[PDB]
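S.K.: Show me how the following folds:
(2 chains)
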Amino acid sequence: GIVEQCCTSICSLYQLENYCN
Amino acid sequence: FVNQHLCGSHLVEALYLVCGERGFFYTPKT
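M.R.: Residues are numbered from 1 along each chain as shown, chains lettered A, B, ... in the order given. Provided below are the atomic coordinates:
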């Protein structure tokens, strides 16, 4: 899931945008 | 923006900034 990407590596602001609309 | 691994509360506080006034949600897992 997207949470893993941000926990184990570095979510850029572009990846972070997915958590909202 | 500053690079950091983002988990737990760090992820939540980062999302406030990126999503701004739109708000956001999180998917916890008990």
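S.K.: How about the contacts made by residue A:2?
M.R.: Contacts were defined as Cβ atoms under 8 Å, 6 or more residues apart in numbering or on different chains; by that measure residue A:2 touches A:11, A:15, A:18, A:19, B:27. C-beta: built from backbone N, CA, C; applies to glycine.
S.K.: how about stretch B:5-19, does it reach chain A?
M.R.: Yes. Using Cβ under 8 Å from any Cβ of the partner chain, stretch B:5-19 reaches chain A at B:5, B:6, B:7, B:11, B:14, B:15, B:18, B:19.
S.K.: re the thing from before, neighbour count for the contacts of residue A:2 - can I get that in CSV?
M.R.: Compiled in CSV, those are given as follows (neighbours: other Cβ atoms under 10 Å in any protein chain shown):
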residue, neighbour count
A:11, 25
A:15, 15
A:18, 14
A:19, 20
B:27, 8
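S.K.: Out of those residues, flag the one nearest to residue A:1.
M.R.: When the contacts of residue A:2 are ranked by distance to residue A:1 (Cβ to Cβ), residue B:27 comes first, at 6.8 Å.
S.K.: hang on, the earlier thing: which pair in the residues of stretch B:5-19 next to chain A spans the largest distance?
M.R.: In the residues of stretch B:5-19 next to chain A, two members sit farther apart than any others by Cβ to Cβ. They are B:5 and B:19, at 19.0 Å.
S.K.: Give me the more crowded residue out of these two.
M.R.: Shown here are residue B:5 and residue B:19; by other Cβ atoms under 10 Å in any protein chain shown, residue B:19 has more neighbours (18 against 12).
S.K.: top helix in chain A by residue count?
M.R.: In chain A, taking DSSP state H as the definition, the longest helix is helix A:2-8.
S.K.: which helices and strands does whichever helix or strand comes after it pack with?
M.R.: On the C-terminal side of helix A:2-8, the closest following helix or strand by DSSP states H and E is helix A:13-16. In this structure, helix A:13-16 makes packing contacts with helix A:2-8, helix B:9-19, judged by 3 or more Cβ pairs under 8 Å, 6 or more residues apart in numbering or on different chains; DSSP states H and E.
S.K.: Alright, that wraps it up for me.
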